[PDB]
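A.B. asks: Sharing a structure with you now.
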Amino acid sequence: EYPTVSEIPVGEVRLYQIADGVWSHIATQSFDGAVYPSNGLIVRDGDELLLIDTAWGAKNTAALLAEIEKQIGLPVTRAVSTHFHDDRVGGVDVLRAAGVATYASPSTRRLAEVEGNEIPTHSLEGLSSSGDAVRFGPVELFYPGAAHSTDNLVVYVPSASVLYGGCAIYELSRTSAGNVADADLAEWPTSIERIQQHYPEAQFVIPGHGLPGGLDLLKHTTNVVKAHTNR
Ligand SMILES: Cc1cccc2c(-c3ccccc3Cl)c(C(=O)O)[nH]c12
Ligand SMILES: [Zn+2]
Ligand SMILES: [Zn+2]
Ligand SMILES: [Zn+2]
């Protein structure tokens, strides 16, 4: 019953409960004449919520906050963006105006500035070298190395064995690469290997776009990235 791109009007946001205190949020956006889905994460931290990634733009992110209040009724106090593209930081200004403390790595913040995208206020330290991990409340943040972008982070929820791979991980229905202008193709499979080695216990894997699955999404993504490498 996971909502797919064809079910969600641009401007609407859906929530999908994965476990006690863990949801994904799903939105859609138009770009270059097509419509794409996008995922983020919501993790309960006591009586507050941690948000992972925006809903791709100001209008979607405003709807996201309204759906959170309607369906959960707890305040979003912190948000983390997992890389610098608009499906991760677009809407950060909406979050900040709502009193959310927005976070990203120094690398993400610099790349967002250069690209002209919205810049999360706070900086996540300790994530600059491949294999680095830091705790952030109810989650662990992990920098696996360059992949979809040089700055992409992954997020693990240990209480629920949920691994949020972000745009470094592809859904199964994507059999060809897309939006890889900022990627490091040569290192992407190695970065995926670091994820597998660090979170081999993950049970639920959430890509940046599309349907969740298991750790086989990591093998799937390696297959697709290597095929694009050899195009
Ligand atoms: C920043 C941006 C804009 C428009 C599309 C995308 C995709 C995408 C996602 C699903 C399938 C095909 C594509 Cl091109 C990604 C991504 O793969 O992370 N980012 C995007
Ligand atoms: Zn991206
Ligand atoms: Zn993406
Ligand atoms: Zn596959």
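In this analysis, Cβ positions are derived from the backbone assuming ideal geometry, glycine residues included, and neighbour counts consider all displayed protein chains. All of the numbers you see were taken from the coordinates with simple rules; none came from a lab.
A.B. asks: If you take the residues in segment 177-207 that are hydrophobic (A, V, I, L, M, F, W, C), more than 15 Å from ligand 1 (Cβ to nearest atom) and farther than 15 Å from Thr222 by Cβ, which one is surrounded by the most Cβ atoms within 10 Å (Cβ to Cβ)?
C.D. replies: Step by step, filter segment 177-207, then rank; the result is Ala202.
A.B. asks: For the subset of segment 75-127 comprising residues that are in a strand (DSSP E or B) and of a type in the set (A, V, I, L, M, F, W, C), which member is surrounded by the fewest Cβ atoms within 10 Å (Cβ to Cβ)?
C.D. replies: In this case the residue turns out to be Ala101.
A.B. asks: Here is a follow-up. How many residues, within segment 156-190, are under 26 Å from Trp23 (Cβ atoms), in contact with a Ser or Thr (Cβ under 7 Å, 6 or more places away or on another chain) and not in a loop (DSSP other than H, G, I, E, B)?
C.D. replies: Count: 1.
A.B. asks: With (1) at negative phi; (2) in contact with a strand residue (DSSP E or B) (Cβ under 7 Å, 6 or more places away or on another chain); (3) within 16 Å of ligand 1 (Cβ to nearest atom) as the list, and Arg174 as the residue in question, which single condition is left unmet?
C.D. replies: The single condition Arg174 does not satisfy is (2).
A.B. asks: If we keep just the residues of segment 61-100 that are among the charged types (D, E, K, R) and within 25 Å of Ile169 (Cβ to Cβ), which is farthest from ligand 2 (Cβ to nearest atom)?
C.D. replies: Result: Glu67.
A.B. asks: Pairs please, first residue from segment 97-108 and farther than 19 Å from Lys59 by Cα, second anywhere and crowded, with 21+ Cβ neighbours inside 10 Å and aromatic (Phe, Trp, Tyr), Cβ atoms under 7 Å, 6+ apart in sequence or on different chains.
C.D. replies: Qualifying pairs under 7 Å: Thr108/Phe84.
A.B. asks: Cβ-Cβ below 7 Å, separation at least six or inter-chain, first residue in segment 17-34 and closer than 12 Å to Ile72 by Cα, second among the aromatic types (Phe, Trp, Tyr): which pairs?
C.D. replies: Every condition considered, the pairs that remain are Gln17/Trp23; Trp23/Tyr16.
A.B. asks: Pick from segment 129-173 the residues that are more than 20 Å from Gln203 (Cα to Cα) and among the β-branched types (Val, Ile, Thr): which of them is farthest from ligand 3 (Cβ to nearest atom)?
C.D. replies: Checking each candidate, the answer is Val134.
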